[PDB]
Number of protein chains: 2
Amino acid sequence: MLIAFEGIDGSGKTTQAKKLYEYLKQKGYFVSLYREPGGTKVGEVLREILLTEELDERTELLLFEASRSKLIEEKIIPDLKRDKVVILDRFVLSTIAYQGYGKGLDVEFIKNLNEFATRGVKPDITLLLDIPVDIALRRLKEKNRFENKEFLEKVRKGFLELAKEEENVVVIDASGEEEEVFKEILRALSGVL
Amino acid sequence: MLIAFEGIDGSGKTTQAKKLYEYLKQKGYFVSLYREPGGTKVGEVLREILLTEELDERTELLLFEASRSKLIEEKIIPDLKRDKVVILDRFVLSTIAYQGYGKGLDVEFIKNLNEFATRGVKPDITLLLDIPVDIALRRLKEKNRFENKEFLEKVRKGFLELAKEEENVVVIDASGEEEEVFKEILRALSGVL
Ligand SMILES: Nc1ncnc2c1ncn2[C@@H]1O[C@H](COP(=O)(O)OP(=O)(O)OP(=O)(O)O)[C@@H](O)[C@H]1O
Ligand SMILES: Nc1ncnc2c1ncn2[C@@H]1O[C@H](COP(=O)(O)OP(=O)(O)OP(=O)(O)O)[C@@H](O)[C@H]1O
Ligand SMILES: Nc1ccn([C@@H]2O[C@H](COP(=O)(O)O)[C@@H](O)[C@H]2O)c(=O)n1
Ligand SMILES: Nc1ccn([C@@H]2O[C@H](COP(=O)(O)O)[C@@H](O)[C@H]2O)c(=O)n1
Ligand SMILES: [Mg+2]
Ligand SMILES: [Mg+2]
């Protein structure tokens, strides 16, 4: 079982993925939680680079994918083999939305890089935490983090276009309170688990 | 002017590229010399990773391309804009030969990644330093470095198959002595410069 959380900065992915992890552990599933980029020794080095350095979008994309490739090969494929539930804080839709709809790289190209890095491993379900950018920005403000409204609007649209066309994507209203959003996620999850 | 040296380990790329650099500087060209992977701050971090860590071939390929993307955007494109002669110690044929023919990844795929990382920037000439693996291994032995014969035989064949099909590739007999090889390179170079 592979569960992917996707969405803009401040949509509650980290929080909700952690909530889903504890909940499922208590219910007796063997669970892993990983973030992208990151999740491996090598992946975390690349994460530090992606956050530290001034990078063009192409170099950026290739490093996101490298982190994913390492994570898929080192952790996710074996995790899935042992019937672990695998929960991802960001995955392949994030790459398309940010690098494609956001920074203007070719979407078919991103998709083929995604296919390559994941060896065609796809989620059973993707949870799109959709939220107005204004609301996501106010939440980040409370944590002293400031993101680009213009850029996130395009990204958000991207994410929503991808949910119409890509398979097994459920749009969750992430604008609610923490517990409301979690119980919307559980209903979407009841579909598959 | 973009000049690329390609070929197996111990073929004399580093030595000949450095020789070509000093020669052209003396003749009054403005010259850059860069290695792949490496050549930028970020590229060299990735280099250290690629030489340090146990990596699957997919992750490897994506990090080789990330380095290249950084080098293209940070150094090569602007170097070419200012009419510098740019000399590369390894470039895009090496990727195909090592990751494609060597480790079995798809060659069309590597070529499309190459296209992406370089923004379609192609060399004016590529110098393939071809050498028998037995001879390259004897040279590396003198420096206490030991590489995999079985792997390099495939890689060498790959390099040679690419020189037949890809554009502007000259096969230099790298088995000769240092000064003989340099003379052959200068002849090949007279074609374009
Ligand atoms: N339903 C909610 N209502 C209000 N605030 C929330 C809700 N869920 C999470 N938060 C808080 O708002 C912020 C959301 O951040 P979180 O890290 O969960 O989102 P994220 O999508 O992981 O962001 P990023 O991509 O930037 O890491 C946090 O400070 C979190 O504690
Ligand atoms: N023509 C030659 N004959 C004998 N030895 C040589 C010749 N040219 C270079 N060498 C030596 O052989 C080794 C291989 O040269 P060099 O480092 O340039 O090859 P390379 O293709 O860069 O190898 P690598 O990819 O492993 O760095 C060096 O230690 C060098 O001193
Ligand atoms: N495909 C992706 C995924 C994440 N990111 C960025 O990575 C940063 C930190 O990641 P987290 O959201 O996982 O903490 C975010 O600010 C986000 O904008 C990106 O630019 N492209
Ligand atoms: N595409 C590439 C390029 C270099 N390499 C490796 O990089 C290493 C460093 O050698 P250089 O000095 O030629 O960069 C070599 O051991 C070579 O086999 C690889 O595996 N795939
Ligand atoms: Mg987060
Ligand atoms: Mg060398």
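Whatever order the structure lists them in is the order used to number ligands and atoms, beginning at 1. These numbers come from the heavy atoms of this one structure, side chains and all, not from hydrogens, waters or symmetry mates. Chain A is the first sequence line, chain B the second, and so forth, proteins listed ahead of strands; every chain is numbered from 1.
Using a 4.0 Å heavy-atom cutoff, B:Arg47 is listed among the residues neighbouring ligand 4. For the pair B:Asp89 and ligand 2, no heavy-atom separation below 4.0 Å is found. At least one heavy atom of B:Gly176 sits closer than 4.0 Å to an atom of ligand 2.
When the heavy atoms of B:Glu180, B:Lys19, B:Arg139, B:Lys13 are ranked by distance to atom 4 (C) of ligand 2, first place goes to B:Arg139. If you check each of B:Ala174, B:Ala136, B:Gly12 against atom 19 (O) of ligand 2, the one with the closest non-hydrogen atom is B:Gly12. Nearest-heavy-atom check against atom 7 (O) of ligand 4 across B:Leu93, B:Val155, B:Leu51 picks out B:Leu51. Across the listed options B:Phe151, B:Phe91, B:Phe64, B:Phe64 owns the non-hydrogen atom lying nearest to atom 5 (N) of ligand 4.
Within ligand 2, counting atoms from 1 as listed, the ones closer than 4.0 Å to a heavy atom of B:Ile8 are 21 (O). Applying the 4.0 Å criterion to heavy atoms of B:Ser94 picks out, from ligand 4, the atoms 1 (N). Atoms of ligand 2 found under 4.0 Å from any heavy atom of B:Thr15, numbered from 1 in the order shown, are 9 (C), 15 (O), 16 (P), 18 (O). Those atoms of ligand 4 that come under 4.0 Å of a heavy atom in B:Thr95, given as number and element, are 1 (N). Here is the list of ligand 2 atoms found below 4.0 Å of a heavy atom in B:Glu178: 1 (N).
At a 4.0 Å heavy-atom cut-off, ligand 2 touches B:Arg90 through the side chain alone. Here B:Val181 has no heavy atoms under 4.0 Å from ligand 2, in either its backbone or its side chain. Residue contacts with ligand 4 for B:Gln99 involve side-chain atoms from C-beta outward but no N, CA, C or O (heavy atoms, distance under 4.0 Å). Heavy atoms of B:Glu36 found under 4.0 angstrom from ligand 4 belong exclusively to the backbone.
Counted by atom type alone, B:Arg90 and B:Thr95 present zero donor-acceptor pairs between their side chains at under 3.5 Å. No donor-acceptor contact under 3.5 angstrom links the side chains of A:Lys70 and A:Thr40, judged on distance only. Looking at B:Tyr98 and B:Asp9, their side chains do bring a donor and an acceptor atom within 3.5 Å of each other.
Taking the charged nitrogens against the carboxylate oxygens, B:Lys154 and B:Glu150 have no contact shorter than 4.0 Å, which rules out a salt bridge. A salt bridge is absent between A:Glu153 and A:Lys157; no separation between the charged side-chain nitrogens and carboxylate oxygens falls under 4.0 Å. Taking the charged nitrogens against the carboxylate oxygens, A:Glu65 and A:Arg68 do have a contact shorter than 4.0 Å, which makes a salt bridge. With respect to the salt-bridge test (charged N to carboxylate O, under 4.0 angstrom), the residues B:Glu44 and B:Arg35 qualify.
Nearest heavy atom pair, residue B:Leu93 against residue B:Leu162, reads O-CD1, 3.9 Å. Shown here for A:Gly7 and A:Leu128, the closest heavy-atom pair between the two residues is CA-CD1, 3.9 Å. Across all non-hydrogen atoms, the minimal contact from A:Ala17 to A:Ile87 is CB-CG2, 4.0 Å. Taking every heavy atom of both residues into account, A:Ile49 and A:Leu55 meet most closely at O-CD1, 4.1 Å. Heavy atoms only, all atoms of each residue included: B:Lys13 and B:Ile8 are closest at NZ-O, 2.9 Å.
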Task: Full working for side-chain contact (heavy atoms from CB on, under 4.5 Å) between A:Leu24 and A:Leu193 - done: CA-CA 11 Å; A:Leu24 293 170; A:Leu193 191 53; 4.1 Å; yes
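B:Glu73 is not listed as a side-chain neighbour of A:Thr59, based on a closest heavy-atom distance of 4.5 Å or more. Residues B:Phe116 and A:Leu62 have side chains in contact (heavy-atom distance under 4.5 Å, counting atoms from C-beta outward).
Considering only non-hydrogen protein atoms, atom 15 (C) of ligand 4 sits nearest to B:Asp9 OD2, 3.0 Å. The protein non-hydrogen atom at the shortest distance from atom 20 (O) of ligand 4 is B:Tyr98 CD2, 3.5 Å. Among protein heavy atoms, the minimum distance from atom 4 (C) of ligand 4 is reached at B:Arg90 NE, 3.8 Å.
A donor-acceptor pair under 3.5 Å is absent between the side-chain atoms of A:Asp79 and the main chain of A:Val86, judged by distance alone.
No N or O atom of B:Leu140 sits closer than 3.5 Å to an N or O atom of ligand 2.
The Mg ion (ligand 6) has B:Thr14 OG1 as protein N, O or S atoms under 2.8 Å away.
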